[PDB]
$ cat protein_19.cif   # mmCIF, C-alpha atoms
data_final
#
loop_
_atom_site.group_PDB
_atom_site.id
_atom_site.type_symbol
_atom_site.label_atom_id
_atom_site.label_comp_id
_atom_site.auth_asym_id
_atom_site.auth_seq_id
_atom_site.Cartn_x
_atom_site.Cartn_y
_atom_site.Cartn_z
ATOM 1 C CA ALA D 1 82.273 109.941 112.520
ATOM 2 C CA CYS D 2 85.409 111.085 110.697
ATOM 3 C CA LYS D 3 88.529 109.876 108.886
ATOM 4 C CA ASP D 4 91.780 111.380 107.608
ATOM 5 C CA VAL D 5 91.459 111.537 103.821
ATOM 6 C CA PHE D 6 94.801 113.239 103.193
ATOM 7 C CA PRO D 7 98.137 111.402 103.561
ATOM 8 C CA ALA D 8 99.810 111.276 106.974
ATOM 9 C CA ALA D 9 103.002 112.641 105.422
ATOM 10 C CA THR D 10 101.229 115.911 104.633
ATOM 11 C CA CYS D 11 98.927 116.030 107.657
ATOM 12 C CA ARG D 12 101.795 115.874 110.151
ATOM 13 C CA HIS D 13 103.614 118.442 108.011
ATOM 14 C CA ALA D 14 100.788 120.921 108.592
ATOM 15 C CA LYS D 15 100.505 120.210 112.317
ATOM 16 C CA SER D 16 104.258 120.396 112.911
ATOM 17 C CA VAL D 17 104.336 123.975 111.625
ATOM 18 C CA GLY D 18 100.861 124.698 112.956
ATOM 19 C CA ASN D 19 98.894 125.270 109.759
ATOM 20 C CA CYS D 20 95.878 123.466 111.216
ATOM 21 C CA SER D 21 94.013 126.770 110.922
ATOM 22 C CA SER D 22 93.893 126.295 107.150
ATOM 23 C CA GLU D 23 90.805 124.429 105.949
ATOM 24 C CA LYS D 24 92.730 122.901 103.045
ATOM 25 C CA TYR D 25 94.265 120.461 105.526
ATOM 26 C CA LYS D 26 91.378 120.311 107.997
ATOM 27 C CA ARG D 27 88.336 119.015 106.114
ATOM 28 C CA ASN D 28 90.142 115.918 104.842
ATOM 29 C CA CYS D 29 92.560 115.206 107.691
ATOM 30 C CA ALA D 30 89.897 115.636 110.372
ATOM 31 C CA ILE D 31 91.393 112.879 112.520
ATOM 32 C CA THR D 32 94.623 114.882 112.641
ATOM 33 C CA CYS D 33 93.446 118.497 112.558
ATOM 34 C CA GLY D 34 89.929 118.173 113.937
ATOM 35 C CA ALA D 35 91.281 115.664 116.446
ATOM 36 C CA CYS D 36 88.111 113.563 116.493
#

$ encode --input "protein_19.cif" --output "C-alpha coordinates"
Amino acid sequence: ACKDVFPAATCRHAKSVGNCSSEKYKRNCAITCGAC
(Lines of atoms letter the chains of each structure in order from A and count residues from 1; the text may use other names and numbers.)
(Lines give C-alpha, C1' and ligand atoms only; values in the text may rest on other atoms or scores of the structure.)
Protein backbone atom coordinates (compact mmCIF):
# COMPACT_ATOMS: atom_id res chain seq x y z
CA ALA A 1 0.00 0.00 0.00
CA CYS A 2 1.69 3.17 -1.27
CA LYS A 3 1.36 6.05 -3.73
CA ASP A 4 3.58 8.83 -5.09
CA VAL A 5 2.36 12.04 -3.46
CA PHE A 6 4.99 14.31 -5.01
CA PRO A 7 4.92 15.30 -8.71
CA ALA A 8 6.60 13.03 -11.26
CA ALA A 9 8.58 16.00 -12.55
CA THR A 10 10.38 16.26 -9.21
CA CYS A 11 10.51 12.56 -8.37
CA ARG A 12 12.36 11.64 -11.56
CA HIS A 13 14.61 14.65 -10.95
CA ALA A 14 15.74 13.13 -7.65
CA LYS A 15 16.22 9.63 -9.07
CA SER A 16 18.12 10.83 -12.13
CA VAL A 17 20.79 12.41 -9.93
CA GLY A 18 20.39 9.73 -7.27
CA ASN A 19 19.04 11.72 -4.34
CA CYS A 20 16.73 8.86 -3.38
CA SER A 21 18.68 8.64 -0.12
CA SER A 22 17.01 11.87 1.02
CA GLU A 23 13.76 11.32 2.92
CA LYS A 24 12.32 14.59 1.61
CA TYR A 25 11.67 12.82 -1.70
CA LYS A 26 11.15 9.30 -0.34
CA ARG A 27 8.18 9.44 2.04
CA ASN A 28 5.88 11.03 -0.53
CA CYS A 29 7.19 9.54 -3.78
CA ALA A 30 7.31 6.01 -2.37
CA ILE A 31 6.27 4.48 -5.69
CA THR A 32 9.35 6.07 -7.26
CA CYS A 33 11.92 6.01 -4.46
CA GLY A 34 10.63 3.16 -2.32
CA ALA A 35 9.86 1.27 -5.52
CA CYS A 36 6.78 -0.45 -4.11

$ resolve_selection --input "protein_19.cif" --expression "the PyMOL selection byres ((chain D and resi 15) around 12)" --output "ChimeraX atom specification"
/D:8-14,16-22,25-26,29-35

$ axis_aligned_box --input "protein_19.cif" --around "segment 29-36 of chain D" --padding-each-side "6 Å" --output "lines of an AutoDock Vina configuration file"
center_x = 91.4
center_y = 115.7
center_z = 112.1
size_x = 18.5
size_y = 17.6
size_z = 20.8

$ resolve_selection --input "protein_19.cif" --expression "the PyMOL selection byres ((chain D and resi 5) around 6)" --output "list in words"
residues 4, 6, 28 and 29 of chain D

$ build_atoms --input "protein_19.cif" --residues "segment 7-33 of chain D" --atoms "N, CA and C atoms" --output "CSV table (one decimal), in the frame of the given file"
chain,number,residue,atom,x,y,z
D,7,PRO,N,97.0,112.3,103.1
D,7,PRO,CA,98.1,111.4,103.6
D,7,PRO,C,98.8,111.9,104.9
D,8,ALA,N,99.2,110.9,105.7
D,8,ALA,CA,99.8,111.3,107.0
D,8,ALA,C,101.0,112.2,106.8
D,9,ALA,N,101.8,111.9,105.7
D,9,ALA,CA,103.0,112.6,105.4
D,9,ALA,C,102.7,114.1,105.4
D,10,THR,N,101.6,114.5,104.7
D,10,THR,CA,101.2,115.9,104.6
D,10,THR,C,100.6,116.4,105.9
D,11,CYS,N,99.6,115.7,106.4
D,11,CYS,CA,98.9,116.0,107.7
D,11,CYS,C,99.9,116.5,108.7
D,12,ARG,N,100.8,115.6,109.1
D,12,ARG,CA,101.8,115.9,110.2
D,12,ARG,C,102.6,117.1,109.8
D,13,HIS,N,102.9,117.3,108.5
D,13,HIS,CA,103.6,118.4,108.0
D,13,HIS,C,102.9,119.7,108.4
D,14,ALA,N,101.6,119.7,108.3
D,14,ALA,CA,100.8,120.9,108.6
D,14,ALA,C,100.8,121.2,110.1
D,15,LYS,N,100.5,120.1,110.9
D,15,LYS,CA,100.5,120.2,112.3
D,15,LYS,C,101.8,120.7,112.9
D,16,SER,N,102.9,120.0,112.5
D,16,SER,CA,104.3,120.4,112.9
D,16,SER,C,104.4,121.9,112.9
D,17,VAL,N,104.2,122.5,111.8
D,17,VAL,CA,104.3,124.0,111.6
D,17,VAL,C,103.2,124.7,112.3
D,18,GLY,N,102.0,124.1,112.3
D,18,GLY,CA,100.9,124.7,113.0
D,18,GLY,C,99.9,125.4,112.0
D,19,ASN,N,99.8,124.7,110.8
D,19,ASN,CA,98.9,125.3,109.8
D,19,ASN,C,97.5,124.6,109.8
D,20,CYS,N,97.2,124.1,111.0
D,20,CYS,CA,95.9,123.5,111.2
D,20,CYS,C,94.7,124.4,111.0
D,21,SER,N,95.0,125.7,111.1
D,21,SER,CA,94.0,126.8,110.9
D,21,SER,C,93.4,126.7,109.5
D,22,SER,N,94.3,126.4,108.5
D,22,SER,CA,93.9,126.3,107.2
D,22,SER,C,92.9,125.2,107.0
D,23,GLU,N,91.8,125.4,106.2
D,23,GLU,CA,90.8,124.4,105.9
D,23,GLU,C,91.3,123.4,105.0
D,24,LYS,N,92.2,123.8,104.1
D,24,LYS,CA,92.7,122.9,103.0
D,24,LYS,C,93.1,121.6,103.7
D,25,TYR,N,93.8,121.7,104.8
D,25,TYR,CA,94.3,120.5,105.5
D,25,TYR,C,93.5,120.3,106.8
D,26,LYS,N,92.2,120.5,106.8
D,26,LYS,CA,91.4,120.3,108.0
D,26,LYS,C,90.1,119.5,107.7
D,27,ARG,N,89.5,119.7,106.5
D,27,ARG,CA,88.3,119.0,106.1
D,27,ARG,C,88.6,117.5,105.9
D,28,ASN,N,89.7,117.3,105.2
D,28,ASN,CA,90.1,115.9,104.8
D,28,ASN,C,90.8,115.2,106.1
D,29,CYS,N,91.9,115.8,106.5
D,29,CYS,CA,92.6,115.2,107.7
D,29,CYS,C,91.9,115.7,109.0
D,30,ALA,N,90.6,115.3,109.2
D,30,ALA,CA,89.9,115.6,110.4
D,30,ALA,C,90.5,114.9,111.6
D,31,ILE,N,90.8,113.7,111.4
D,31,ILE,CA,91.4,112.9,112.5
D,31,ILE,C,92.7,113.5,113.1
D,32,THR,N,93.4,114.2,112.2
D,32,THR,CA,94.6,114.9,112.6
D,32,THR,C,94.3,116.3,113.1
D,33,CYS,N,93.8,117.1,112.2
D,33,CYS,CA,93.4,118.5,112.6
D,33,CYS,C,92.3,118.6,113.5
